[PDB]
Structures are given as structure tokens and as C-alpha cells.
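Only one chain comes next, encoded as C-alpha cells, the form deposited in one PDB entry.
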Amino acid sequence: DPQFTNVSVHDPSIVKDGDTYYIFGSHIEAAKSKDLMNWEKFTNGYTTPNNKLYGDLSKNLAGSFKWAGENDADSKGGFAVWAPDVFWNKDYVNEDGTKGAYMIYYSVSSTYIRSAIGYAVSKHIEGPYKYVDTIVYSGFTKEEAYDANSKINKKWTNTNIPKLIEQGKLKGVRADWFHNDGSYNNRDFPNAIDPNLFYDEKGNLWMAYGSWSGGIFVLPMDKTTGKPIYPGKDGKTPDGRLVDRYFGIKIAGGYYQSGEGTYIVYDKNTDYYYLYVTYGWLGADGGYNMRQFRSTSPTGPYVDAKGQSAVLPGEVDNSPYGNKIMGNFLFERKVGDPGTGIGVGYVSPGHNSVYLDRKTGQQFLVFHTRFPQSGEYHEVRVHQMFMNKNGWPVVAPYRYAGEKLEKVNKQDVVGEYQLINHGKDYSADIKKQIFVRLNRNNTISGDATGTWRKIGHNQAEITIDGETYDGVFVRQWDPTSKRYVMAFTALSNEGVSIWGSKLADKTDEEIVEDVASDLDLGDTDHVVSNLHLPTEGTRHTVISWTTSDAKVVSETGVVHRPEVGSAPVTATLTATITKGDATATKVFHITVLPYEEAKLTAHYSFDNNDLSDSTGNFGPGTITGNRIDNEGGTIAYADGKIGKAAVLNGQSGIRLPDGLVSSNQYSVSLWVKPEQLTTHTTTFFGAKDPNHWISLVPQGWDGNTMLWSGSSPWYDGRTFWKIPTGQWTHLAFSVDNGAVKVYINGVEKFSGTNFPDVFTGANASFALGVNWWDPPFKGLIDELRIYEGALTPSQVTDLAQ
């Protein structure tokens, strides 16, 4: 039934104009939809001029760009226009003195603290938006100072503050804004990004903003002009939270801890201000997760279900604070569940907005998310939310598909559920389901015990291991099985959320039959890799294995490839599948391939005082400077492992020719003499483009030698081994249709499957010592050998010597 059209809009700020829903996100991306399911982008990103939102970007927002976000520090080469919020401001006095305009409040940033918020206006939601002013600034300093790769002076005199002191809106500079060395005190005070403009009960206008550092602040705003009404005077709220003459009132975060993407919604139905913030880091390993507080006042205090304050008491883990409404999750499609793929899950879902419909009461969490097994690729998602009995909106487990609350029969609730509990913790981990059933005697049994009730038409009360969770039952589109299913979502007074999705009713026999038809080990006629043999199917179905011949393949799928030139070798794996007294059997016919010798395709020895390929079928290399795409470094040839090695001083390396590798069956060998270790720094690299690359990393994100692929998907070829300096080490890795191996000094240190295919039918870029981001390799690398095919353990224990 339901159709979806996806868009990649990061940090979506939703707004309804007329009958159309609009989202505005970072990087000047935006889109629109009439149904919250099918999105159509209308922007052109950082294209300038004729930028959709801003026109000639550079001149329109120059005011803001004088301070950060244009070709400066972390924005070198481009722009950084982040996390906007957009609304129709009926009171805005236009420069022709007419009333009413669409405002866009945006952020610009150059480092993790040097940022500012400014706004622009339009007669029309799609723009053009013309700059008005820049109103809040962070990362400024007590004296003249510059950042690495920045010519912008960060002294506070270079912000709006002098003008504000001249206008009588501030008395002066606050000493507390500075550390003793004159640096920006981001322990106490904010990074000026991520604005959210909202209205209170009375129609007064507020802006909340912030991201990590000192946290989230809120300022009242002049409806007529778009400017803050700065407090003018330092102080403390009645309950003790920091007030600042300029930055406003602190409502969440603190002490460097995470927390950005604030969104605040006044709900007239409950008379609460609901505060959403996202903890953690946005990246696939970041554990981005959405949090929820409330207050009776726009300016707080904001607290969670447990009555705990959103404002941190000190430099502590923020895990306990805030209802955790969504983290990493997957409703795993185990063997025997209907559909294909791994099932529906999200990684790092967050930076949300919220649409609450004045008339109907329907409510929607809007956010961007990443996904398991796709790295940094992201899309916009929308989940409905539903007010529970205790005045907390609860998030639905599935993306919105037209559903609404109904009168729900006890009959349609009773049965087996997959259940996910989001807890409080957050990390790279992905929560997966357990199995329980909600029995007609209102008990709960299975992987957890307890009780449940439906109340009124559809309120849910689930009590598990002595924890009670209040929420709703609602029907939901499960895209894995492709049915509307009954579901539940419910929050406890700890502020922990559990989710439920009803499984199709099934006998033990039908399950085993399902597990049996669905059990597949892929193409097992060309096996070069260990086979993963599942020991479990859906709903705790158990699967055991035997092998006809352990010398070919073990019971756990461990393969033994025969000698080069030998015959492929055959065996049979038998799966026995049990649940209750139902049982079935299925056999699979394996053929394990012999090793095949990789053949040398190119050789950079550096032995003839140049970057020539000795095999004489690729061009010579060229020199780079400190990145794969820049020029002007120096290659000293100096005494090395065989002949002369290539030296790299620390500030360049070698651009190898395009297309060097052009397959998914290849191998790379080289000898490395490092002086210093720097994290992420490559030797051999790597890339189709800056999102699809391979890198042989002497010290990677885990502190060890690895083979690394990124950023969509991520691959962690971890050897768990650290490499020495002033010293030669032999490194080799092979790739063979997803099959990957890495060798440290001849010994195999990593072996895996599903290695990405980065170079087949592309003309990619390759280099030694340098990439697009990290410190160049410092030391020597000798004897770079590229191959077609996968080096044999034998070929490799010979290159090592």
C-alpha cells in the first residue's frame, strides 16, 4: 500500500505553509510534501550564485560570514550554513513598512565554538531570503587572536557586542566569558548554533539555541524586528540557573556535555512546553539520540519524566537526564521472518523538529537518521507521536504511514510481540528485539514477565520486570512484512521507552517451515570465505549444524581452501531447525575454491630515482604537497628495504595514477618506515570520491593498524595490533568479491566478508602518504606492489621476507 519518496535533508526544521509541509535543514537543503511521506527537494545546496534560498550567498550573508562559515577554518574551501529554522512572522515590519514575512534563522560556523546566528526574510517561504542581521556570536576572545587556517580576528570587538554596549543593551563585557588565557569559556557558555524559534502560550516569541559547550540558552525575541531582547544584566533564575546579559537563560546541557538541535513546542492541550534535544554525535558511531523534557514556562525549568533537570549539575554523563525517545535500533528480520533485507532500523536518529496541528492534535517528530550498513548516508524520517496519560507525547515505532489512533479491541492486541527497549545509555550499539506475548489474562510472558491493560479506546499500560510504561496501542505499517500491524509505544517514569510490534499468529510448525524455506547461505558454489551459519531463527527457533566433511568445511562454517592449482573441493552442511516439538532439516551443497596466485600488475620500487612503474603498464607517480589534490611537496629517495625507498618529509606524498586498481579482485603490498604515528593518516589510499574510499592505516580510530573503508558504508578492518616507528613493517591486504584479508609481517591479522566494492567500473584516485583530511605519513614506504586477484598466504609469507 503506502508509498514513500525519500530525501536527504540533515537537521530538518519543519513548517506548514498552507496545505504544504516544508522542511529546512543544513547546507541550504530543503524540501516539501503534502502528506509527510513523499518529499520533493526544491533547493540547490551550496550552489551560488542563484542559490535558491539566499541568491548570491557570499554577498547576501556577508554580515554573518565576516565572523565564520565561509572558506574559514573547518569551512575552508566552502560554506557552513547549518540547522536553520523557518516561520511566518505576521508581526515583522518589512523594510517598506508592510507587515508580515517569512523568517529564516540560520547558523554559521567555523570551529566547534566560533559560530554565529543570523536571520533573513522573504515574502515567500521558498525565498529569496534577504539578510537582516547577525544576532548571537560565540567563540570570541578577550584579545586579538586567530585560528589555524583563519584570518578572522576573534576578539569580541569584532562581534555585535560593542554596538550593543553603545545602544545601552549591555553594560559591558562579562569577565566570565573568558578563561584566564582570554579564550572563549565554552564550559559555561554556548556555541551559537542551532536556533529554534517558538511562540509561547501568550503569543510571545522566543529563540532557543546551542550545541554542546555551556549548553542551550533561550532569549525572548522582538516580533517586530527579529532581534533578541537581551536580558542586559547577569543573574540567576528563581531555581538557580545561569542568566547572562547577552546569551540569555540556560535551559539545558552544560559542562561541555552533548546536546544540540533544541526544539520547543508549547502544547495548549496539556499546557506544557515540550523540549526536545539530541544527545551524542551525529556520525554512524556517535550514538545520536533524541531526548525529551517539559516545563510549565517557556524559560523553564525543564525536567524529564523523573523530575530531573535538563541542566546538568556538573561535568557528568548526561545519560540519566531526559526521556530517551529514540536511539539506535533494529527490528531484526531473523531467519524465517517474512520480507527481505535485515529489517527496519536506524542509527544516530536525531536533530528533530515537531509539528503539532492546532485543530486536530496530531503530532509528528521529524528528524534525519542514518541506517545500519550504510554509514553516513542519511534520510529524513517522520514518526507520529501520541499524548500518553501522564502528559508525555510517545513516539510511534514506525514511520508515519497515514495511521491514526483507533478504538482497539482486546482481541486485536493479544499475541506475540517483538519488543525493543531504548534504555538510557547510548553508543554505537544497536538495540534489537526480544520476544514476549501479551496474553488474554492480561499477563505478559516470554523473554520478560509482567502485566498489561488497554484503557479506554487505546491507552496502553505495560508493566515489565516491575517497571510500568504508559503509552498507546496503535496500528502501524511494518515495511519488512508489508502489513499493517498492531503496535505499542510507551514511556515509564524513568523516562525509558519500550516499543512493540505484533507478530503474525503462527504455530510452532509454521515457524519451522518458515525458518526452513528462508534459510539461505547464498551462492555456495564459489566459496572462498568462512560461512556464517545462523544458530537461531525467528522467535527463538534453534538451528544446529553438521558437516559431511570437516576437512572441507567445519560445523561452524570454517572453510579450508585447497592448494593453488588443486581441484575445487565439495561438502555438505545440514541444518536441523527446532521449535517446540516441530523440527525440520535442510541440506546445502558447498564447494570451496582453491587459492589462486595474484599476478603483479604494477610496481613502485623507487629504485630508479623516480615514481616510475617498473612493470611498465601504468604512468609514473607525481608529487602532491599535503593532500591528494594539491601540489608542491618533496620526495627524497633515501636508503630503504630493497634499493631506494620513497621518503615523505611530513607535508606531502605521491599521487599514483588514476585507475590503478579497477576491480573487486585485487591486492596491495608494501613496506613502511614511520617516524611518527598520526591517527587516520594513510599509507596506501584509496578513493572513488571523498565518500567512497579505502585506506591502509598504520594508526586508525581504535589506535591500531587497520584497513579502513568509508564513509558509506563504514568497514573496520581491525588487526588489533600497533605498529612501530623508525622501523620497517610489511603490510598486505587482499580483496576478493567482498572477501578481505590483512597481513602484518606475513601473519593474517584480519579476515572478513562484505568488504565494499569501491573500484569496479570506476577510474579512482590513488596515492601514498596523503588523502583529503589527515596529517601526511612521515617516514618511508618501500616497494609498493599492486596485484590483480587475492595474494595467497604463501605469496604473502614470501613478500614479508
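Residue numbers here begin at 1 and follow the sequence given.
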Checklist entry - Comparing 138-146 with 78-86, which stretch shows the greater average C-alpha B-factor in the deposited entry? => result 138-146
Checklist outcome for this item: Assert higher mean C-alpha B factor (99-107 or 179-187, deposited values) equals 179-187
Checklist entry - Among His351, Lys250, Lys171, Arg381, which residue carries the highest C-alpha B-factor recorded in the PDB entry? => result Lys171
Next on the checklist: Checking the record values for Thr538, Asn704, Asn390, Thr299, which has the greatest CA B factor?
Outcome noted: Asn704
Checklist entry - Taking the entry's C-alpha B-factors for this chain, is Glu406 in the lowest, middle or highest third? => result highest
Checklist outcome for this item: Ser115: CA B-factor among chain residues, third -> lowest
Item to check | Ranked C-alpha temperature factor of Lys749 among modelled chain residues, by third | outcome: highest
Checklist entry - Lowest, middle or highest third: where is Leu57 by C-alpha B factor in its chain? => result middle
Item to check | CA B-factor placement of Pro776, once the chain's modelled residues are sorted into thirds | outcome: highest
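Below, we turn to the form deposited in another entry, even though it does not appear here.
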Checklist outcome for this item: Per the rigid-part fit, hinge between the shown form and the other one among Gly283, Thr224, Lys432, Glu596 is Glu596
Next on the checklist: in the other form, the Cα separation between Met37 and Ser711 changes by 3 Å or more relative to the shown form; did it shrink or grow?
Outcome noted: farther
Next on the checklist: So the CA-CA distance for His378 and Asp689 moves by at least 3 angstroms in the other form. Closer or farther than here?
Outcome noted: closer
